[PDB]
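Asks: First, the structure itself, so that you have it in front of you.
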Ligand SMILES: CN1c2ccccc2C[C@@H]1C(=O)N1CCC[C@H](C(N)=O)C1
Ligand SMILES: [Zn+2]
């Protein structure tokens, strides 16, 4: 689990969005596994606007942060799950690192701010949904 809180927005994995996220919906995209809802309180986080390909992510299944090198946002085939049929997920960045079911939502950060959130895993890999292109999160 986990979310990004920036301005009056809350960014979560679309497959983990709550009834309240959907009732306050701003934008969602199944192909990216992202959903953004509106909040009444002002959020804590800063979004990176950069092309970093190294950073640090939080892994809840180990209660620890790990440094990672990750691929540029791209279209990657993701196997069927209880949440989605087998499909290509866009704007996804892969890295070698630990991730289990339950780790989705962990934040990936570089020196410029938040880069994205854990969205895929297994096989000693961890995939992150990029948010750096969502320029409207800041205005
Ligand atoms: C975190 N993952 C994981 C880790 C170890 C072992 C098995 C898994 C599966 C899970 C996974 O990749 N998912 C499931 C939930 C929806 C995600 C999506 N963006 O489509 C895909
Ligand atoms: Zn950066």
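In the authors' numbering, the protein residues as written are 7 to 145.
All C-beta atoms, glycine included, are put in the ideal place defined by N, C-alpha and C.
Ordered along the chain, which non-local residues of its own chain (more than five positions away) have a Cβ less than 7 Å from that of residue 18?
Replies: Walking along the chain shown from the start, residue 18 turns up at place 12. Around residue 18: 9, 27, 41 and 111.
Asks: Nearest to residue 106 by alpha carbon, out of 135, 127 and 39?
Replies: The count along the chain shown starts at 1 and reaches residue 106 at position 100. Nearest option by C-alpha distance: 127.
Asks: Runs of 4 residues minimum, wholly inside the segment 19-43: which ones carry the alpha helix (DSSP H) assignment?
Replies: The qualifying runs are 25-29.
Asks: What I want to know is whether the C-beta of residue 116 ends up closer than 7 Å to one or more non-hydrogen atoms of ligand 2.
Replies: Locating residue 116 in the chain shown gives position 110, counting from the first residue. Answer for residue 116: yes, Cβ within range of ligand 2.
Asks: Within 8 Å, do at least three Cβ pairs link the segment 94-108 to the segment 41-56?
Replies: Touching, no, given that fewer than three Cβ pairs across the two stretches are closer than 8 Å.
Asks: Can you check which of these residues, 20, 23 and 38, is closest to residue 82 by C-alpha distance?
Replies: Residue 82 sits at position 76 when you count from the first residue of the chain shown. It is 38.
Asks: Between the C-alpha atoms of residue 76 and residue 139, what's the straight-line distance to the nearest angstrom?
Replies: Position 70 of the chain shown holds residue 76. Position 133 of the chain shown holds residue 139. Answer to the nearest angstrom: the Cα atoms are 16 Å apart.
Asks: If you measure from the CB of residue 50, is any heavy atom of ligand 2 nearer than 7 Å?
Replies: Numbered from 1 along the chain shown, position 44 holds the residue referred to as residue 50. No, the beta carbon of residue 50 sits no closer than 7 Å to any heavy atom of ligand 2.
Asks: May I ask you to report which of helix, strand or coil DSSP gives residue 81?
Replies: As a working mapping, residue 81 is identified with position 75 in the chain shown. Residue state, collapsed to three classes: strand.
Asks: Would you call residue 79 buried or exposed, if buried means 16 or more other Cβ atoms sit within 10 Å of its Cβ?
Replies: Here residue 79 refers to the residue found at position 73 when the chain shown is read from its first residue. The residue is buried, with at least 16 neighbouring Cβ atoms inside 10 Å.
Asks: Assuming residue 135 and residue 122 are in contact, meaning their beta carbons sit under 8 Å apart, how far apart are those beta carbons, in whole angstroms?
Replies: Residue mapping note: residue 135 aligns to position 129 of the chain shown, counting from 1. Residue mapping note: residue 122 aligns to position 116 of the chain shown, counting from 1. That pair is a contact at about 5 Å.
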